[PDB]
Amino acid sequence: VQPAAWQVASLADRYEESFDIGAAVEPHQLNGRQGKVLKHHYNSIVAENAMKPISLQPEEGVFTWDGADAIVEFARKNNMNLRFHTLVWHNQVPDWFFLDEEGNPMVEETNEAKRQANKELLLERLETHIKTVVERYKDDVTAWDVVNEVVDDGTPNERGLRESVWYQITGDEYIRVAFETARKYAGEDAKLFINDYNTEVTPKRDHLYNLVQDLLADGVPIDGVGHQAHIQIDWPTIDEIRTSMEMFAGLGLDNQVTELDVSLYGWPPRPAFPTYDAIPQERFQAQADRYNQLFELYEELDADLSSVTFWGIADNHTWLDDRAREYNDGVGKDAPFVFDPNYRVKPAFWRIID
Ligand SMILES: [Mg+2]
Ligand code: NA
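- Looking at the PDB entry, one finds the protein named Beta-xylanase and attributed to Bacillus sp. NG-27.
- Under the UniProt heading Pathway (unreviewed entry), the entry covering the protein gives this text: "Glycan degradation; xylan degradation."
- Database annotation for the protein, UniProt heading Sequence similarities (unreviewed entry): "Belongs to the glycosyl hydrolase 10 (cellulase F) family."

Below, the structure written as structure tokens:
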């Protein structure tokens, strides 16, 4: 019988000399016990959804600020650092960005001259998006995910870049423009990150390594790498995680762990247990060991790691459940955090609080 999260020692306090402790939040989770857990264990937050491009500009010139503002207000009120997630991504990004002046998808265009025009139009839209959003949240955001997931899992081109709508339309230019615009409007002091998953493993790691070396050499402003750390119990290895973080630190970049979850399953996450109560104790203990080693590593690397954020708060809310449902016929429960669905501490908590 584990105690409630607000009854144990604060994680932020335990790691205050090492790094921020962060959580991804939705507006509705800012009160209640989620609220209470946040104020007690965390000194940083990020918007799980309320700040992605489609959440902020769903039609051109129509900005929808309420959710994001609610999160800001809460960070402000509770003296918490705030990551911005995210200025550019190829999902939860609104359709209108990528349509030509006659409403057709720019990617379908076959004329090399109109494509060039479409590239100028898209980059202009991006610049206008970035400038507006940054200008509003400039004074509260302490770290910016300028771009998210622009590096490919494979290698479809020279630079190892995701051939998303952004790249198909503009090559690598949106990346340069994203950072340069974000620097421009946020000021020299703002911390700009390139955020991604599987940063721990090659080829992707090397591509990002190469890419940030390139961009830096050309004076494109980029302060750090965001390691999503959607990880599993036995993968990636501790040595892979360290090597990625220490490589990027070698370049003078900051590292943050930005969306950490420790799934009870592999990839794809099958077989999942159908409910939390069905999850055998065995799995909470393998997770607990994984967390112990993971936070041993983080603390060891704390010279080069400023923030560790979980992609959620307690196991009642986690996108991993969508994945579990997806790969197990609509019924499936994961449990990635150190607090359970009822805000009680899990074996993993004790392993990282000490
Ligand atoms: Mg420990
Ligand atoms: Na640190």
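1. Considering the overall build of the protein
- Scanning the protein from terminus to terminus reveals 12 helices and 9 strands.
- Computed over its C-alpha atoms, the radius of gyration of the protein comes to 20 Å, within 12% of the 20 Å expected for a compact globule of 354 residues.
- In terms of overall dimensions, the protein has a C-alpha envelope of 65 × 45 × 40 Å along the principal axes.
- Across the protein, the fraction of contacts at a sequence separation of at least 24, relative to all contacts at a separation of at least 6, is 77%.

2. Some details on the layout of surface pockets
- In this structure, the largest pocket encloses a volume near 570 Å³.
- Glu-149, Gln-228, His-230, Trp-319 and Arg-323 are the residues nearest the centre of the largest pocket, which is lined by 32 residues in total.
- Looking at the lining of the largest pocket residue by residue, the classes come out as 11 nonpolar, 12 polar and 9 charged.
- The computed volume of the second largest pocket comes to approximately 180 Å³.

3. Some words on helix α5 (residues 112-137)
- The end-to-end C-alpha distance of α5 is 37 Å, a good match for the 38 Å that 26 residues give at a rise of 1.5 Å each.
- Regarding α5, the residues found buried are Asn-118, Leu-121, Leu-122, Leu-123, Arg-125, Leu-126, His-129, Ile-130, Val-133, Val-134 and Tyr-137.
- For α5, the secondary structure elements touched by its buried residues are α3 (53-56), α4 (66-77), β3 (81-88), β4 (143-148), α6 (165-170) and α7 (173-186).
- The opening residue of α5, the one whose side-chain oxygen lies 2.8 Å from the backbone nitrogen of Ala-113, is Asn-111.

4. Thoughts on the coordination of the sodium ion (ligand 2)
- Here the sodium ion (ligand 2) is held by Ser-18 (O), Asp-302 (O) and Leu-305 (O), and the distances to it run 2.3 to 2.4 Å.
- Every donor residue of the sodium ion (ligand 2) comes from the same chain, spaced as S-x283-D-x2-L. Of this pair, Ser-18 sits in the loop between α1 (11-14) and β1 (20-25) while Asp-302 sits in the loop between α10 (281-300) and β9 (305-310), and the two are 284 residues apart along the sequence.
- Under the relative-accessibility criterion, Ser-18 is labelled buried at 10%.

5. Let's talk about the coordination of the magnesium ion (ligand 1)
- The magnesium ion (ligand 1) binds to the protein through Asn-292 (OD1), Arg-351 (O) and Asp-354 (OD); the donor distances cover 2.1 to 2.7 Å.
- If you list the donors of the magnesium ion (ligand 1) from N- to C-terminus, the spacing comes out as N-x58-R-x2-D. Remark: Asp-354 occurs in the segment after α12 (347-353) and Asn-292 occurs in helix α10; sequence separation between them is 62 residues.
- Judged by its relative accessible area of 61%, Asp-354 is exposed.

6. So, empty space enclosed by the protein
- Size it by volume and the largest cavity reaches roughly 40 Å³.
- Lining the largest cavity are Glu-200, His-227, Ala-229, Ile-231, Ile-241, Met-245, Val-257, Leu-294 and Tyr-298.
- Elements that contribute at least two residues to the lining of the largest cavity include exactly α9 (238-250) and α10.
- Tallied by class, residues from the lining of the largest cavity come to 7 nonpolar, 1 polar and 1 charged.
- Volume-wise, the second largest cavity comes out at about 30 Å³.
- Taken together, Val-88, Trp-89, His-90, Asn-148, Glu-149, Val-150, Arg-162, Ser-164, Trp-166 and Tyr-174 form the lining of the second largest cavity.

7. Examining unusual backbone geometry
- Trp-267 connects to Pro-268 through a cis peptide bond whose omega is -5°.
- At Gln-92, a position not held by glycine, the phi torsion is positive, near 40°.
- Tracing the chain through its elements places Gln-92 in the loop between β3 and α5.
- Using a relative accessible area of 32% as the deciding quantity, one classes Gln-92 as partly exposed.
- Residue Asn-198 is not a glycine yet carries a positive backbone phi of 55°.
- Mapped onto the secondary structure, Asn-198 falls in the loop between β5 (192-196) and α8 (204-217).

8. Considering α10
- Compared with an ideal rise of 1.5 Å per residue, which puts 20 residues at 28 Å, α10 spans 29 Å between its outermost C-alpha atoms and is within 8% of the ideal.
- Along α10, the residues that are buried comprise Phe-284, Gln-287, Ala-288, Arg-290, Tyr-291, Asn-292, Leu-294, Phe-295, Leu-297 and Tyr-298.
- Tucked into the core, α10 has its buried residues touching β1, β7 (230-232), α9, β8 (254-263), β9 and α12.

9. Side note on the UniProt feature "binding site: Mg(2+) 2" (unreviewed entry) in the protein
- Sequence positions flagged by UniProt for "binding site: Mg(2+) 2" (unreviewed entry) are, in local numbering, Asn-292, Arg-351 and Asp-354. These annotated residues cover 63 residues of sequence, and their C-alpha atoms lie no more than 9.2 Å from one another, placing them together at a single site.
- Contacts of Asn-292, omitting those with residues within four sequence positions, involve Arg-351 and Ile-352.
- Using a relative accessible area of 29% as the deciding quantity, one classes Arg-351 as partly exposed.

10. Looking at the UniProt feature "domain: GH10" (unreviewed entry) in the protein
- The UniProt record marks residues 5-354 with the feature "domain: GH10" (unreviewed entry), using the residue numbering of this structure.
- This span, residues 5-354, is 39% helix and 15% strand, and a straight line between its end C-alpha atoms measures 15 Å.

11. Some details on the pairing of β9
- Burial within β9 is extensive, with 5 of its 6 residues counted as buried.
- One ladder, built from 4 bridges, connects β1 with β9; its direction is parallel. Of the residues in β9, the one forming a bridge with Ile-21 is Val-308.
- The pairing of β8 with β9 spans 4 bridges and is classified as parallel. The residue of β9 that forms the bridge with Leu-260 is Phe-310.

Thresholds, definitions, all that
- Residues numbered from 1 in each chain as written, not as in the entry; some residues may be left out.
- Chains lettered and ligands numbered in written order.
- Heavy atoms only, no water.
- Residues with missing side-chain atoms left out of burial classes, pairs and counts.
- UniProt positions renumbered as here; feature names shortened; annotations may be inferred.
- Helix = DSSP H or I, 4+ residues; strand = E, 2+ residues; numbered from the N terminus.
- Rg over C-alpha atoms; globule rule 2.2 N^0.38 Å.
- Contact = heavy atoms within 4.5 Å.
- 1 Å grid on protein atoms, 1.4 Å probe; cavity = no way out; pocket = protein on both sides within 12 Å on 5 of 7 lines; lining within 4 Å.
- Points joined across faces, edges and corners; volume = space filled by probe spheres on them.
- Nonpolar A, V, L, I, M, F, W, Y, C, P; charged D, E, K, R; others polar.
- Expected span 1.5 Å × (residues − 1).
- Buried < 20%, exposed > 50% of the residue type's maximum accessible area, 1.4 Å probe, protein only.
- Polar contact = N/O pair within 3.5 Å; in protein donor to acceptor, adjacent residues only side chain to side chain.
- Donors = N, O, S within 2.8 Å, 3.2 Å for Na, K, Ca; no water.
- Pairing = 2+ DSSP bridges.

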